[PDB]
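Colleague: After the structure tokens below, expect a handful of questions from me.
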Amino acid sequence: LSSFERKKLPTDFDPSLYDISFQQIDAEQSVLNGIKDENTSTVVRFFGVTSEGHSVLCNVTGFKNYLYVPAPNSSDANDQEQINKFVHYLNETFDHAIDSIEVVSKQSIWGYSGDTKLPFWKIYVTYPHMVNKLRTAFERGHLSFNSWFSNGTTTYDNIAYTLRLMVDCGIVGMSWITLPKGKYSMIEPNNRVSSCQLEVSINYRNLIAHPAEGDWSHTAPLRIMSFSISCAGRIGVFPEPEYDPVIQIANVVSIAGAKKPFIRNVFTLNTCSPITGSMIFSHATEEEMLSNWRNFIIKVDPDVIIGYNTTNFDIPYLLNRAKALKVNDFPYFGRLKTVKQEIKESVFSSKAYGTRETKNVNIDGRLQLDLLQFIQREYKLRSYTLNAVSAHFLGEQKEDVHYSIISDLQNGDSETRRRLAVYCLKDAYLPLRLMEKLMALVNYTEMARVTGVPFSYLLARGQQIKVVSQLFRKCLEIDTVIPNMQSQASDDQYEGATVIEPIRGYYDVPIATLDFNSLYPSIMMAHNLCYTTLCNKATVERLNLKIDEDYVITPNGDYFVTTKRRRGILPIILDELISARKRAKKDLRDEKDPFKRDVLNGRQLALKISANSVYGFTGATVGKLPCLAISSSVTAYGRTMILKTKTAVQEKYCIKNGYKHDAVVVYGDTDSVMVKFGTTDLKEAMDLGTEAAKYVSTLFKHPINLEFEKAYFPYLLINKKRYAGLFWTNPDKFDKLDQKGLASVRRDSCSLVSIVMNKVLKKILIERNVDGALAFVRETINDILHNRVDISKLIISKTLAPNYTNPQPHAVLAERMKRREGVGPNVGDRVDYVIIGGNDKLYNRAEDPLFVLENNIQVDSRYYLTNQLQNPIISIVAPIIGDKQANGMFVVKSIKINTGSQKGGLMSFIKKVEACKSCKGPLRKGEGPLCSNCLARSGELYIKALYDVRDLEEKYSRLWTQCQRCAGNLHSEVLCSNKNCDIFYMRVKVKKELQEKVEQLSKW
DNA sequence: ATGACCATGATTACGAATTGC
DNA sequence: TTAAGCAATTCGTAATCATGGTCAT
Ligand SMILES: Cc1cn([C@H]2CC[C@@H](COP(=O)(O)OP(=O)(O)OP(=O)(O)O)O2)c(=O)[nH]c1=O
Ligand code: SF4
Ligand SMILES: [Mg+2]
Ligand SMILES: [Mg+2]
Ligand SMILES: [Zn+2]
């Protein structure tokens, strides 16, 4: 519509006289045509965009998936005619798939056995899918030519064809490529299959693949398209694609690095009133809307389709709805004009990521950056709803329209549909703001450029594929082949680290903190630890290597060789990763905005996970190339290093050498040692910690380096891997209040515990007044016992698991929700609940907070007092006031049994005899709120009731007026379903409580 | 009369969750 | 066909084991 299509390249164009330099985004292998280049037909399409905005479909042609096998050590194997007869037999076996066989000189990645290279047969195939068969035969024994490979030789260099091409040519994902002058060609308009402005093809040996450093580090003007849908379903049921139509589709298409999107459209099902600042396309039937949205996607040519819960709800619902409406022309909204976009259900499983079930869609040529998955992977939040996330990062608890009323807003006037459209537009613009604040695209681009994987791998693949790609690249650059070691079944665990005993107590003395700079990567790159340096006793005896100069032995007992024999490739990969992390931390150093500070911290934190993921992959039994020797060696080195630094810092800083006190290693967490020098001064403690870290780094190998990071003036060591204190990096002002492992920074504890622990630690460490902290704890206990705590602060969230042997509360809750509502949280979702009161097991006492808010069922206050708040508060206040004095304040001296508006099986048809006040005398036959015995207090109880009513009515007015201000509307009703707003769960509670207190005041 | 048997705390074990490096 | 590692704490539920209250004897 004169504003959607990209800029058309100059019409004075030709396959010559122009160099199409473009930054690829997507890579996909597919057959090209009946023609064959380099004796093969399959190609790798590189969907990208140039520096101006012209979408390119560079076809890389003429690459055959080669397979490395050990050349047979037979006399008749170096013969040319024998190789010819063997390749003829191979062709006759699978009907002419193999192309040729190149005898190369290459060495294995496994172990060092001299600088000699073995003869390796590099077998080509016309189409790559043959290798998976061919390789398999070489490991089963289904090939017998002169009984060469009948026993089964271990194959080598097993990877997919796309990554194979990218590794051979050097095309790291999201990098810059360039087609030289005229060497490429352009596909005829009667054979172009994509909707791109270009459709070219070039043999792989001609193009130049630029690195992502220097002149070729910039990005391309990507057309990011954020979108959302809104569907009006039947009453009391979840939206299903068979009966509940899509009523609105909002699209907020923008550009990478742009401060504002260039279009805001709302494809509506009926006539929609105009919305200032956005376009509106109002249709008549749903088929027309779907077809026009498809044509709109095709027209705009978006490089990325970002959104929230798009891969799981939006796009699958749209596809299934188009299928149900017999719109057979909808699912072709990819960069290819003939292939379908279909839903394939995959399952991801990882220890650090949890089991998830994703419904992926094959949207070709366009990246996908579903913000839900990106935030589940990068950040650890209590809830992962759009409202909770928008309140966490952006910080706005805006209104979320009720779901049941949607069916009555679409069936109304045009202004009802207009406000529906503005809701949809806000929902569709939220993911753009999220991606711009979190810097998702920049971080993931840096990641895909350092590791060298396709962008799409960062969301559907773990940390193994990155180290795999890095290893393959470094191997290709060093003439080495990676064997296809069959992954072992499993293992229980190997020996990790040796966490030092945590001397508990309260430490007002400044505790310095000295930790290692990337301990495990430093250990790896410091001792020449890799796959290619792993010798054994037989090897060193056969080669006659000198000890401590040519080869070394690790504390685990394994053998390696010094850098004088062979430089590993894991050291090089780790050098690359730490040089990336150095600049990622320098950028954080040169940055002021606290939100951008946290973003750069997350960026740095993801570059030290991969540097640790190298060691994790070397130790990962489940996965290719599991070399437990190297992981065990680095763990042994780390243990011995922390023990040695503990000994050294306890030895040098003592009385004899001329120091004031005796330095004591208070705590150690496998890389850090929190030495206590004794000096109550803080600046002196910082200087001594710096000097100690420097002296310790003096006693280690070059890549290793200990650094003074922080100091804890008030230090509260609760237990092992659990403590808190004040962060003092400067002797003039504390930075923050740390809480490691405590129940506050956890997620399976109600937010009330977090708030209480934060306030208590603030009063104890910052202000140093334990009396006020104890008074606040007593007030909190009284609030809990008297039902004075909001439901929103009593919500516990737990991550659901696929299978459960021992029943859990959230699992049974999800099952009951599925049986009752109609749909429940699948695996991987954080189910939230509150613990209602009852008699049966705890897993049978858990309910949806909305069900509790609706049914007014009481909350188990004693459970939250004793099981949720008692233990953490006790553990944090006992090192100050003793155990018994701390536990005494948790006795239940007061209770409030609600028994109100709970009409059910028995709580209905029951009376309230309305006993007397302030004495509860049942002899209240005489009317009035007081009995004749205690009538002298008739002037105080009325004061109490009236002031309770005053506070309640003030709070009620504030809350409801605030709700109206938030809803933007004053003359309309605010039916808001947003349960992530602190005022939610509270307005209704205050309304009920004020109703009861007013009815109690009406007795006088 | 003497243990028998049922009911009620200690103790151990392991699943489940989350966080710490 | 695909998935970094381990160390550590905390809580819930069951299984098992010591010990007492009361009864046929
Ligand atoms: C966080 C994390 C850590 N590890 C291991 C690996 C070694 C130690 C050191 O970890 P640390 O976070 O303190 O940080 P560190 O790199 O040592 O140091 P600096 O910030 O560079 O100073 O922990 C891991 O395997 N997976 C992880 O996700
Ligand atoms: S509870 Fe109030 S502030 Fe929160 S979303 Fe609803 S109307 Fe807005
Ligand atoms: Mg560290
Ligand atoms: Mg640490
Ligand atoms: Zn009375």
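Labels used: A, B, ... for chains in the order of the structure tokens, numbers from 1 for residues in each chain, and numbers from 1 for ligands as shown.
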Could you please extract the residues within 7 Å of ligand 3, counting only C-alpha atoms (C1' of nucleotides) and all ligand atoms, and hand them back as an mmCIF file with C-alpha atoms, in the first residue's frame?

Modeller:
```
data_model
loop_
_atom_site.group_PDB
_atom_site.id
_atom_site.type_symbol
_atom_site.label_atom_id
_atom_site.label_comp_id
_atom_site.auth_asym_id
_atom_site.auth_seq_id
_atom_site.Cartn_x
_atom_site.Cartn_y
_atom_site.Cartn_z
ATOM 1 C CA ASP A 515 37.479 -14.977 43.240
ATOM 2 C CA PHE A 516 39.038 -16.364 40.076
ATOM 3 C CA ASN A 517 38.618 -14.876 36.602
ATOM 4 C CA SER A 518 36.774 -17.605 34.662
ATOM 5 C CA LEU A 519 38.178 -20.404 36.797
ATOM 6 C CA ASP A 671 36.324 -20.200 43.090
ATOM 7 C CA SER A 672 36.046 -17.604 45.849
#
```

Colleague: For residue 24 of chain C, work out the shell of residues within 12 Å, counting only C-alpha atoms (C1' of nucleotides) and skipping chain neighbours fewer than 2 positions away, then give it as a PyMOL selection string.

Modeller: (chain B and resi 1-5) or (chain C and resi 22)

Colleague: Limited to N, CA, C and O atoms (P, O5', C5', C4', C3', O3' and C1' of nucleotides), could you put the picked residues into a file as a PDB file, in the first residue's frame?

Modeller:
```pdb
ATOM      1  P    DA B   1      -1.708 -59.878  90.013  1.00  0.00           P
ATOM      2  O5'  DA B   1      -0.112 -59.880  90.137  1.00  0.00           O
ATOM      3  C5'  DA B   1       0.685 -59.367  89.074  1.00  0.00           C
ATOM      4  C4'  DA B   1       1.186 -60.488  88.181  1.00  0.00           C
ATOM      5  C3'  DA B   1       1.868 -60.033  86.899  1.00  0.00           C
ATOM      6  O3'  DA B   1       2.832 -60.998  86.490  1.00  0.00           O
ATOM      7  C1'  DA B   1      -0.157 -61.139  86.367  1.00  0.00           C
ATOM      8  P    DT B   2       4.381 -60.588  86.361  1.00  0.00           P
ATOM      9  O5'  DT B   2       4.655 -60.599  84.786  1.00  0.00           O
ATOM     10  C5'  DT B   2       4.826 -61.835  84.099  1.00  0.00           C
ATOM     11  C4'  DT B   2       4.364 -61.715  82.660  1.00  0.00           C
ATOM     12  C3'  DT B   2       4.932 -60.517  81.906  1.00  0.00           C
ATOM     13  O3'  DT B   2       6.045 -60.918  81.111  1.00  0.00           O
ATOM     14  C1'  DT B   2       2.580 -60.890  81.445  1.00  0.00           C
ATOM     15  P    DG B   3       6.865 -59.826  80.263  1.00  0.00           P
ATOM     16  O5'  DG B   3       6.067 -59.730  78.877  1.00  0.00           O
ATOM     17  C5'  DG B   3       6.210 -60.755  77.901  1.00  0.00           C
ATOM     18  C4'  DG B   3       4.912 -60.973  77.140  1.00  0.00           C
ATOM     19  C3'  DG B   3       4.866 -60.366  75.742  1.00  0.00           C
ATOM     20  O3'  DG B   3       4.132 -61.226  74.877  1.00  0.00           O
ATOM     21  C1'  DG B   3       3.134 -59.448  77.041  1.00  0.00           C
ATOM     22  P    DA B   4       3.957 -60.867  73.321  1.00  0.00           P
ATOM     23  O5'  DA B   4       2.529 -60.153  73.255  1.00  0.00           O
ATOM     24  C5'  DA B   4       1.357 -60.868  73.634  1.00  0.00           C
ATOM     25  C4'  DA B   4       0.168 -60.483  72.764  1.00  0.00           C
ATOM     26  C3'  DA B   4       0.505 -60.020  71.359  1.00  0.00           C
ATOM     27  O3'  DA B   4      -0.568 -60.331  70.482  1.00  0.00           O
ATOM     28  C1'  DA B   4      -0.211 -58.170  72.723  1.00  0.00           C
ATOM     29  P    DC B   5      -0.486 -59.939  68.927  1.00  0.00           P
ATOM     30  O5'  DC B   5      -1.162 -58.493  68.866  1.00  0.00           O
ATOM     31  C5'  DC B   5      -2.457 -58.297  69.419  1.00  0.00           C
ATOM     32  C4'  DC B   5      -2.867 -56.839  69.328  1.00  0.00           C
ATOM     33  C3'  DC B   5      -2.464 -56.132  68.030  1.00  0.00           C
ATOM     34  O3'  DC B   5      -3.521 -55.284  67.604  1.00  0.00           O
ATOM     35  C1'  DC B   5      -1.653 -54.929  69.863  1.00  0.00           C
TER      36       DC B   5
ATOM     37  P    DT C  22      -4.788 -45.610  79.476  1.00  0.00           P
ATOM     38  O5'  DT C  22      -5.237 -47.035  78.908  1.00  0.00           O
ATOM     39  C5'  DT C  22      -6.026 -47.103  77.726  1.00  0.00           C
ATOM     40  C4'  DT C  22      -6.330 -48.542  77.343  1.00  0.00           C
ATOM     41  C3'  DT C  22      -6.926 -49.409  78.454  1.00  0.00           C
ATOM     42  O3'  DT C  22      -7.902 -50.276  77.894  1.00  0.00           O
ATOM     43  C1'  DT C  22      -4.992 -50.427  77.637  1.00  0.00           C
TER      44       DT C  22
END
```

Colleague: Ligand 4: which residues are within 12 Å, counting only C-alpha atoms (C1' of nucleotides) and all ligand atoms, as an mmCIF file with N, CA and C atoms (P, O5', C5', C4', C3', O3' and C1' of nucleotides), in the first residue's frame?

Modeller:
```cif
data_model
loop_
_atom_site.group_PDB
_atom_site.id
_atom_site.type_symbol
_atom_site.label_atom_id
_atom_site.label_comp_id
_atom_site.auth_asym_id
_atom_site.auth_seq_id
_atom_site.Cartn_x
_atom_site.Cartn_y
_atom_site.Cartn_z
ATOM 1 N N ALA A 497 33.290 -30.066 42.659
ATOM 2 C CA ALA A 497 34.110 -29.189 43.473
ATOM 3 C C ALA A 497 33.956 -29.526 44.958
ATOM 4 N N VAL A 499 33.283 -27.367 48.004
ATOM 5 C CA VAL A 499 32.808 -26.200 48.751
ATOM 6 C C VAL A 499 33.256 -26.248 50.208
ATOM 7 N N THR A 513 36.503 -10.408 49.490
ATOM 8 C CA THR A 513 36.126 -11.508 48.611
ATOM 9 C C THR A 513 37.096 -11.563 47.442
ATOM 10 N N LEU A 514 37.763 -12.700 47.282
ATOM 11 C CA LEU A 514 38.704 -12.921 46.195
ATOM 12 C C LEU A 514 38.257 -14.128 45.387
ATOM 13 N N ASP A 515 37.934 -13.909 44.115
ATOM 14 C CA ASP A 515 37.479 -14.977 43.240
ATOM 15 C C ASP A 515 38.348 -15.027 41.992
ATOM 16 N N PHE A 516 38.225 -16.128 41.258
ATOM 17 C CA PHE A 516 39.038 -16.364 40.076
ATOM 18 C C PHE A 516 38.337 -15.845 38.830
ATOM 19 N N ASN A 517 39.131 -15.356 37.882
ATOM 20 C CA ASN A 517 38.618 -14.876 36.602
ATOM 21 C C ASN A 517 38.402 -16.068 35.680
ATOM 22 N N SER A 518 37.145 -16.485 35.527
ATOM 23 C CA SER A 518 36.774 -17.605 34.662
ATOM 24 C C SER A 518 37.603 -18.847 35.002
ATOM 25 N N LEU A 519 37.351 -19.353 36.211
ATOM 26 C CA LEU A 519 38.178 -20.404 36.797
ATOM 27 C C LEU A 519 38.365 -21.586 35.852
ATOM 28 N N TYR A 520 37.263 -22.213 35.427
ATOM 29 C CA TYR A 520 37.392 -23.426 34.620
ATOM 30 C C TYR A 520 37.963 -23.145 33.235
ATOM 31 N N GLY A 638 40.706 -27.233 39.926
ATOM 32 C CA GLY A 638 40.009 -26.186 40.659
ATOM 33 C C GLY A 638 39.993 -26.437 42.154
ATOM 34 N N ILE A 642 41.784 -23.936 44.892
ATOM 35 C CA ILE A 642 41.133 -23.231 45.994
ATOM 36 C C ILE A 642 41.737 -23.659 47.325
ATOM 37 N N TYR A 667 34.571 -18.298 54.220
ATOM 38 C CA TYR A 667 33.723 -19.141 53.339
ATOM 39 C C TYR A 667 34.401 -19.303 51.967
ATOM 40 N N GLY A 668 34.075 -20.378 51.238
ATOM 41 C CA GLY A 668 34.618 -20.676 49.929
ATOM 42 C C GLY A 668 33.608 -21.391 49.059
ATOM 43 N N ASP A 669 33.418 -20.915 47.829
ATOM 44 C CA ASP A 669 32.384 -21.436 46.939
ATOM 45 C C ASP A 669 33.004 -21.845 45.604
ATOM 46 N N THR A 670 34.073 -22.633 45.690
ATOM 47 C CA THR A 670 34.770 -23.341 44.613
ATOM 48 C C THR A 670 35.587 -22.423 43.713
ATOM 49 N N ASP A 671 35.422 -21.105 43.790
ATOM 50 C CA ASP A 671 36.324 -20.200 43.090
ATOM 51 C C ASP A 671 36.701 -19.031 43.986
ATOM 52 N N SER A 672 35.865 -18.752 44.978
ATOM 53 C CA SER A 672 36.046 -17.604 45.849
ATOM 54 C C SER A 672 36.459 -18.045 47.247
ATOM 55 N N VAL A 673 37.122 -17.136 47.957
ATOM 56 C CA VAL A 673 37.496 -17.335 49.351
ATOM 57 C C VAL A 673 37.276 -16.011 50.069
ATOM 58 N N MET A 674 36.333 -15.986 51.010
ATOM 59 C CA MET A 674 35.980 -14.760 51.721
ATOM 60 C C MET A 674 36.842 -14.659 52.975
ATOM 61 N N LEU A 706 43.663 -14.268 40.215
ATOM 62 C CA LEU A 706 42.737 -13.964 41.294
ATOM 63 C C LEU A 706 42.552 -12.455 41.381
ATOM 64 N N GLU A 707 41.328 -12.030 41.678
ATOM 65 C CA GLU A 707 41.006 -10.613 41.715
ATOM 66 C C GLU A 707 40.177 -10.301 42.950
ATOM 67 N N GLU A 709 37.244 -8.656 44.338
ATOM 68 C CA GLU A 709 35.999 -8.215 43.726
ATOM 69 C C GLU A 709 35.159 -7.329 44.633
ATOM 70 N N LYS A 721 26.244 -22.294 50.848
ATOM 71 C CA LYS A 721 25.624 -21.748 49.638
ATOM 72 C C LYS A 721 24.370 -20.946 49.978
ATOM 73 N N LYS A 740 22.205 -14.571 48.659
ATOM 74 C CA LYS A 740 22.564 -15.764 47.907
ATOM 75 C C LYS A 740 21.865 -16.970 48.517
ATOM 76 P P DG B 20 21.551 -17.619 43.896
ATOM 77 O "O5'" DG B 20 22.894 -18.030 44.647
ATOM 78 C "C5'" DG B 20 23.000 -19.356 45.201
ATOM 79 C "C4'" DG B 20 24.422 -19.868 45.187
ATOM 80 C "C3'" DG B 20 25.364 -19.162 44.214
ATOM 81 O "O3'" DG B 20 26.393 -18.533 44.978
ATOM 82 C "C1'" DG B 20 25.339 -21.567 43.813
ATOM 83 P P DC B 21 27.488 -17.620 44.257
ATOM 84 O "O5'" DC B 21 28.732 -18.599 44.075
ATOM 85 C "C5'" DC B 21 29.367 -18.752 42.792
ATOM 86 C "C4'" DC B 21 30.140 -20.049 42.741
ATOM 87 C "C3'" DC B 21 31.102 -20.175 41.562
ATOM 88 C "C1'" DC B 21 29.621 -22.103 41.684
#
```

Colleague: Could you please extract the residues within 8 Å of ligand 2, counting only C-alpha atoms (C1' of nucleotides) and all ligand atoms, and hand them back as a list in words?

Modeller: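 Here is the list of contacting residues: residues 397, 398, 399, 400, 959, 960, 962, 963, 964, 965, 966, 967, 974, 975, 976, 977, 978, 979, 980, 981, 982, 983, 984, 985 and 987 of chain A.
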
Colleague: Select, from C:12, C:7, C:21, C:2, the residue with the minimum atom-to-atom distance to residue 6 of chain B, counting only C-alpha atoms (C1' of nucleotides).

Modeller: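 Ranked by minimum distance to residue 6 of chain B, first place goes to C:21.
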
Colleague: Atom CA of residue 231 of chain A and atom CA of residue 280 of chain A, how far apart in Å?

Modeller: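 Interatomic distance, atom CA of residue 280 of chain A to atom CA of residue 231 of chain A: 17.0 Å.
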
Colleague: What residues have any atom no more than 12 Å from ligand 5 when counting only C-alpha atoms (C1' of nucleotides) and all ligand atoms, and can you list them as a PDB file with N, CA and C atoms, in the first residue's frame?

Modeller:
```
ATOM      1  N   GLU A 914     -24.302 -13.673  67.293  1.00  0.00           N
ATOM      2  CA  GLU A 914     -23.937 -12.279  67.545  1.00  0.00           C
ATOM      3  C   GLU A 914     -23.694 -12.033  69.036  1.00  0.00           C
ATOM      4  N   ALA A 915     -22.651 -12.676  69.553  1.00  0.00           N
ATOM      5  CA  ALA A 915     -22.299 -12.527  70.956  1.00  0.00           C
ATOM      6  C   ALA A 915     -21.900 -11.086  71.266  1.00  0.00           C
ATOM      7  N   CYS A 916     -21.755 -10.801  72.558  1.00  0.00           N
ATOM      8  CA  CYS A 916     -21.404  -9.462  73.003  1.00  0.00           C
ATOM      9  C   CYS A 916     -19.991  -9.096  72.561  1.00  0.00           C
ATOM     10  N   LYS A 917     -19.699  -7.802  72.609  1.00  0.00           N
ATOM     11  CA  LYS A 917     -18.403  -7.292  72.193  1.00  0.00           C
ATOM     12  C   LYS A 917     -17.496  -7.082  73.399  1.00  0.00           C
ATOM     13  N   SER A 918     -16.202  -7.340  73.190  1.00  0.00           N
ATOM     14  CA  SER A 918     -15.138  -7.111  74.166  1.00  0.00           C
ATOM     15  C   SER A 918     -15.208  -8.095  75.328  1.00  0.00           C
ATOM     16  N   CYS A 919     -16.271  -8.898  75.383  1.00  0.00           N
ATOM     17  CA  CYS A 919     -16.366  -9.977  76.357  1.00  0.00           C
ATOM     18  C   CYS A 919     -16.920 -11.267  75.775  1.00  0.00           C
ATOM     19  N   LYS A 920     -17.533 -11.235  74.590  1.00  0.00           N
ATOM     20  CA  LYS A 920     -18.075 -12.426  73.935  1.00  0.00           C
ATOM     21  C   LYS A 920     -19.050 -13.170  74.840  1.00  0.00           C
ATOM     22  N   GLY A 921     -19.782 -12.425  75.664  1.00  0.00           N
ATOM     23  CA  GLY A 921     -20.769 -13.003  76.541  1.00  0.00           C
ATOM     24  C   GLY A 921     -22.006 -13.446  75.789  1.00  0.00           C
ATOM     25  N   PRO A 922     -22.281 -14.752  75.808  1.00  0.00           N
ATOM     26  CA  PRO A 922     -23.448 -15.263  75.072  1.00  0.00           C
ATOM     27  C   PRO A 922     -24.768 -14.765  75.623  1.00  0.00           C
ATOM     28  N   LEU A 923     -24.789 -14.245  76.850  1.00  0.00           N
ATOM     29  CA  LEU A 923     -26.016 -13.727  77.452  1.00  0.00           C
ATOM     30  C   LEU A 923     -26.307 -12.317  76.932  1.00  0.00           C
ATOM     31  N   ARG A 924     -26.417 -12.226  75.607  1.00  0.00           N
ATOM     32  CA  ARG A 924     -26.778 -10.996  74.917  1.00  0.00           C
ATOM     33  C   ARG A 924     -28.247 -10.984  74.507  1.00  0.00           C
ATOM     34  N   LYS A 925     -29.122 -11.545  75.344  1.00  0.00           N
ATOM     35  CA  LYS A 925     -30.553 -11.484  75.065  1.00  0.00           C
ATOM     36  C   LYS A 925     -31.023 -10.040  74.954  1.00  0.00           C
ATOM     37  N   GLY A 926     -30.550  -9.176  75.850  1.00  0.00           N
ATOM     38  CA  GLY A 926     -30.800  -7.756  75.734  1.00  0.00           C
ATOM     39  C   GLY A 926     -30.160  -7.187  74.487  1.00  0.00           C
ATOM     40  N   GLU A 927     -30.946  -6.484  73.677  1.00  0.00           N
ATOM     41  CA  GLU A 927     -30.461  -5.987  72.400  1.00  0.00           C
ATOM     42  C   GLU A 927     -29.327  -4.984  72.601  1.00  0.00           C
ATOM     43  N   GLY A 928     -28.591  -4.736  71.522  1.00  0.00           N
ATOM     44  CA  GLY A 928     -27.464  -3.837  71.557  1.00  0.00           C
ATOM     45  C   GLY A 928     -26.156  -4.575  71.376  1.00  0.00           C
ATOM     46  N   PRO A 929     -25.120  -3.863  70.922  1.00  0.00           N
ATOM     47  CA  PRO A 929     -23.818  -4.505  70.703  1.00  0.00           C
ATOM     48  C   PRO A 929     -23.044  -4.787  71.978  1.00  0.00           C
ATOM     49  N   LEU A 930     -23.641  -4.584  73.150  1.00  0.00           N
ATOM     50  CA  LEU A 930     -22.945  -4.786  74.411  1.00  0.00           C
ATOM     51  C   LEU A 930     -23.904  -5.361  75.441  1.00  0.00           C
ATOM     52  N   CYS A 931     -23.359  -6.174  76.338  1.00  0.00           N
ATOM     53  CA  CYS A 931     -24.117  -6.704  77.458  1.00  0.00           C
ATOM     54  C   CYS A 931     -24.056  -5.735  78.634  1.00  0.00           C
ATOM     55  N   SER A 932     -25.001  -5.901  79.561  1.00  0.00           N
ATOM     56  CA  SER A 932     -25.109  -4.982  80.689  1.00  0.00           C
ATOM     57  C   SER A 932     -23.885  -5.017  81.593  1.00  0.00           C
ATOM     58  N   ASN A 933     -23.053  -6.054  81.486  1.00  0.00           N
ATOM     59  CA  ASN A 933     -21.912  -6.181  82.386  1.00  0.00           C
ATOM     60  C   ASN A 933     -20.796  -5.213  82.008  1.00  0.00           C
ATOM     61  N   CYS A 934     -20.423  -5.179  80.729  1.00  0.00           N
ATOM     62  CA  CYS A 934     -19.338  -4.331  80.250  1.00  0.00           C
ATOM     63  C   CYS A 934     -19.856  -3.118  79.482  1.00  0.00           C
ATOM     64  N   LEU A 935     -20.977  -2.548  79.929  1.00  0.00           N
ATOM     65  CA  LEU A 935     -21.551  -1.393  79.252  1.00  0.00           C
ATOM     66  C   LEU A 935     -20.724  -0.130  79.450  1.00  0.00           C
ATOM     67  N   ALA A 936     -19.792  -0.128  80.405  1.00  0.00           N
ATOM     68  CA  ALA A 936     -18.972   1.048  80.666  1.00  0.00           C
ATOM     69  C   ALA A 936     -17.981   1.342  79.548  1.00  0.00           C
ATOM     70  N   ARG A 937     -17.742   0.392  78.648  1.00  0.00           N
ATOM     71  CA  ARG A 937     -16.830   0.578  77.530  1.00  0.00           C
ATOM     72  C   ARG A 937     -17.552   0.916  76.235  1.00  0.00           C
ATOM     73  N   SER A 938     -18.795   1.394  76.315  1.00  0.00           N
ATOM     74  CA  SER A 938     -19.569   1.689  75.116  1.00  0.00           C
ATOM     75  C   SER A 938     -19.012   2.863  74.324  1.00  0.00           C
ATOM     76  N   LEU A 941     -15.410   0.939  72.181  1.00  0.00           N
ATOM     77  CA  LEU A 941     -15.647  -0.013  71.103  1.00  0.00           C
ATOM     78  C   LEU A 941     -16.221   0.679  69.876  1.00  0.00           C
TER      79      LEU A 941
END
```

Colleague: Give me, as a PyMOL selection string, the contact residues of chain B against chain A at a cut-off of 8 Å, counting only C-alpha atoms (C1' of nucleotides).

Modeller: chain B and resi 15-21

Colleague: Export, as a short mmCIF file (atom, residue, chain, number, x, y, z; two decimals), in the first residue's frame, the selected residues with N, CA and C atoms (P, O5', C5', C4', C3', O3' and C1' of nucleotides).

Modeller:
```
data_model
loop_
_atom_site.label_atom_id
_atom_site.label_comp_id
_atom_site.auth_asym_id
_atom_site.auth_seq_id
_atom_site.Cartn_x
_atom_site.Cartn_y
_atom_site.Cartn_z
P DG B 15 14.41 -40.95 44.17
"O5'" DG B 15 13.23 -39.99 43.70
"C5'" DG B 15 11.88 -40.38 43.90
"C4'" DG B 15 10.98 -39.17 44.06
"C3'" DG B 15 11.12 -38.11 42.97
"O3'" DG B 15 9.85 -37.61 42.63
"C1'" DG B 15 11.53 -37.13 45.07
P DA B 16 9.61 -36.91 41.20
"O5'" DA B 16 9.65 -35.35 41.54
"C5'" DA B 16 8.76 -34.82 42.51
"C4'" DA B 16 9.16 -33.41 42.89
"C3'" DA B 16 9.74 -32.57 41.75
"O3'" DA B 16 8.91 -31.44 41.52
"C1'" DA B 16 11.03 -32.36 43.74
P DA B 17 9.17 -30.49 40.25
"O5'" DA B 17 9.88 -29.21 40.89
"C5'" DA B 17 9.29 -28.57 42.01
"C4'" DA B 17 10.27 -27.60 42.63
"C3'" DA B 17 11.01 -26.72 41.62
"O3'" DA B 17 10.54 -25.39 41.70
"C1'" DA B 17 12.46 -27.56 43.34
P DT B 18 10.95 -24.33 40.57
"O5'" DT B 18 12.25 -23.64 41.17
"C5'" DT B 18 12.28 -23.26 42.53
"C4'" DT B 18 13.70 -23.03 42.98
"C3'" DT B 18 14.57 -22.27 41.99
"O3'" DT B 18 14.70 -20.92 42.39
"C1'" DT B 18 15.74 -24.07 43.10
P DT B 19 15.62 -19.92 41.53
"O5'" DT B 19 17.06 -20.00 42.20
"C5'" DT B 19 17.18 -19.85 43.60
"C4'" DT B 19 18.58 -20.21 44.06
"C3'" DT B 19 19.70 -19.47 43.33
"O3'" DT B 19 20.56 -18.86 44.27
"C1'" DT B 19 20.12 -21.80 43.40
P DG B 20 21.55 -17.62 43.90
"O5'" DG B 20 22.89 -18.03 44.65
"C5'" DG B 20 23.00 -19.36 45.20
"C4'" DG B 20 24.42 -19.87 45.19
"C3'" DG B 20 25.36 -19.16 44.21
"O3'" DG B 20 26.39 -18.53 44.98
"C1'" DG B 20 25.34 -21.57 43.81
P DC B 21 27.49 -17.62 44.26
"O5'" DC B 21 28.73 -18.60 44.08
"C5'" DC B 21 29.37 -18.75 42.79
"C4'" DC B 21 30.14 -20.05 42.74
"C3'" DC B 21 31.10 -20.18 41.56
"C1'" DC B 21 29.62 -22.10 41.68
#
```
